[PDB]
S.K.: 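Right, I'll just put the structure down here and ask away after.
Order of appearance sets the numbers: ligands from 1, and atoms from 1 within every ligand. In what follows, every chain begins at residue 1, and chains take the letters A, B, ... in the order their sequences are listed. Both backbone and side-chain heavy atoms feed into the values below; hydrogens, waters and symmetry mates do not.
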Amino acid sequence: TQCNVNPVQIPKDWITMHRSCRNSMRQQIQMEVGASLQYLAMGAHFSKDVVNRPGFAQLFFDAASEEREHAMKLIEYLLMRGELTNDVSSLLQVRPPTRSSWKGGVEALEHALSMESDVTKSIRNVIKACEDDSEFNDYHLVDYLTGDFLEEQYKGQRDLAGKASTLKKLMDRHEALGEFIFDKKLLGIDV
Amino acid sequence: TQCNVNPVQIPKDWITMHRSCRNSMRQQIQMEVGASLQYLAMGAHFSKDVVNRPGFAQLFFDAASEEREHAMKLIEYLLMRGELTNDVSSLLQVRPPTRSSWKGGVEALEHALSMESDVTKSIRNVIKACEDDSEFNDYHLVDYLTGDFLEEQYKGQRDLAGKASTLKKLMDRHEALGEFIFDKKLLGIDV
Amino acid sequence: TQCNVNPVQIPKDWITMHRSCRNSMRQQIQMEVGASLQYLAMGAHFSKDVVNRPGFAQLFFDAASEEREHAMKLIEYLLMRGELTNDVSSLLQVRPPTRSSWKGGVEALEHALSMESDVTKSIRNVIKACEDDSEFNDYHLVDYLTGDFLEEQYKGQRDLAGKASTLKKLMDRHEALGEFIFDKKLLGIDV
Amino acid sequence: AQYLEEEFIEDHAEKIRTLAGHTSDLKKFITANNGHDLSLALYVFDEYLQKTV
Amino acid sequence: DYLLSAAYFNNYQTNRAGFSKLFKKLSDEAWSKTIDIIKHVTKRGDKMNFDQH
Ligand SMILES: [Fe+3]
Ligand SMILES: [Fe+3]
Ligand SMILES: [Fe+3]
């Protein structure tokens, strides 16, 4: 039985992304998804009754959802350029994250800062691949990654670095009370 | 008789565009105007009593006005940079468009997609000329063409490509009713 | 006595600006401050009872505050990237401006246009240093300087150039009345 | 005929009268008092157009 | 043609915002009338020919 419609073909000259750039974008999509899964594990850790840091839990669950949105934005960009008419199933793979426990809020913030730092470096490498391909400099995608993605990365790194510095100063003598107060401030609660 | 005021001169060091970039911009302005005229002809075709596709007519008259706005934006950019104190009359030439009839909505959408694809390629060439001039990399204009003009181009191409795919699937067995319904949807009318 | 807290260290891989780019940014910060001081002197000149051009005075005091904001934006960018943990005191030096008097509004507008033209050229040189460092192309900062700073520069130059042309045409026969009317128009007053 | 009367003809008279008046104003700025006020007059006239066009 | 005049009067040397606005309005009106006439031609059962003299 004929369950589908015989495909039609329309002009394709407008579809211009080159392979190296497209492959770097596909790899970045998997990286964003991997980051969302690692943040979910951080949210889960701080949600435990024996850890009980709801401010940190919410911070990381929010970060997980944001990374999922980053992956979706990259996928939407490829679709807009005429890609992903096939090879969609292989774009992503969900796997358990590498780390599932942290000693305290400082370790988690420093790990998040390092993850963001890795993502920033990876995006800069996608930009290089897309800009320096000898056959096609993808001006628009390079601009999009630079003005949207890197913008979010640098602001995010500075935010995490500041949080880590502020909380770490409290650790030599005020580990419990310092983290407790900092955690409630993440929820907008001034004790 | 003295009908005009003796011209004055002010500092000109701020006027920095170079020739290759400026000439590519002038050529792009004529290209946008040419596109506006070709869209006017599409609007005229679908307005005919024997074609009667008001949704397509409006779509293309709107596109014609938008291309005219693109030409105006490029002209305003040159004026802001201190250009067009002369050589304004030669910037544009209005001529009858090359095509005046289309078999149906699909042919017109595919032709529009191809026209947009040509404009995108031309803008990328203006960017190359403006960025790679060995004597002056025009950072600001390159950024403007990339973030404003290419942005509009890629979104527009995806929109036209989707419309063409959707309507073309209806052509093997539902040419008349399929186009009729699609045309009213362009007007926001769900029959 | 121990008046401060023993410093802590957090990950630093995210701090990536290179020296040539950072030094060009530091020099640009001093240049913006220098421009704010020169505009303050213009505001002071047109505020004198014997000059009495309140429209020009306000125009230049506003420009002085805007240049101070430009300096602050560049400083904030460096802070976001993890810089200025030291070497902050040497970032700026306040010194009397070079010029303190102008023959009239046209001379001041032309001087302002020339100052802006110099700033535009300097920003383009910061962009070159930041983009062309063989070890690190700072994509994000280059994009920020191009899309934010150069945008403001080109619009500002065109505005000043137009004001200078308009007023200068009135100088051969209407120096006093022409400047008086133009000055009130700067205040939004149509006489 | 009615289409031209309604959509073109009525308004043409107003536009032509307006433009003819502008040329008369400029002609006077150029000829009166040896055209001495021309530069200031063009500035004032341009400001007037900004308010009335 | 009017659009080019509007552009010319908006260059930094001429810088006549009033004259530029006058021509921009004439340009916008003529553009709008172009579309209106094309629609009238088709309303009456004819087809537009852009090379008609
Ligand atoms: Fe991300
Ligand atoms: Fe266009
Ligand atoms: Fe500045």
S.K.: Using only heavy-atom distances, determine whether the side chains of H111(A) and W102(A) contain a donor-acceptor pair under 3.5 Å.
M.R.: yes
S.K.: Taking both backbone and side chain into account, is any N, O or S atom of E152(B) nearer than 2.8 Å to the Fe ion (ligand 2)?
M.R.: no
S.K.: Is there an N/O/S atom in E116(B) at a distance below 2.8 Å from the Fe ion (ligand 2)?
M.R.: no
S.K.: Check this for me: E151(A), atom CD, are more than 12 non-hydrogen atoms of other residues, nucleotides or ligands nearer than 6.0 Å?
M.R.: yes
S.K.: Is the distance between the ring centroids of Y77(B) and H140(B) less than 6.0 Å?
M.R.: yes
S.K.: Which N, O or S atom name in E67(C) marks its closest approach to the Fe ion (ligand 3)?
M.R.: OE1
S.K.: Just give me the atom name: the N, O or S atom of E32(A) closest to the Fe ion (ligand 1).
M.R.: OE1
S.K.: Report yes or no: is the cationic atom of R81(C) (NZ for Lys, CZ for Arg) under 6.0 Å from the centre of the six-membered ring of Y154(A), at an angle within 45° of the ring normal?
M.R.: yes
S.K.: Please state whether the separation between the Fe ion (ligand 1) and some N/O/S atom of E66(A) is under 2.8 Å?
M.R.: no
S.K.: Side-chain donor-acceptor pair under 3.5 Å between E32(A) and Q28(A), yes or no?
M.R.: yes
S.K.: Would you mind naming the N, O or S atom of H70(C) nearest to the Fe ion (ligand 3)?
M.R.: ND1
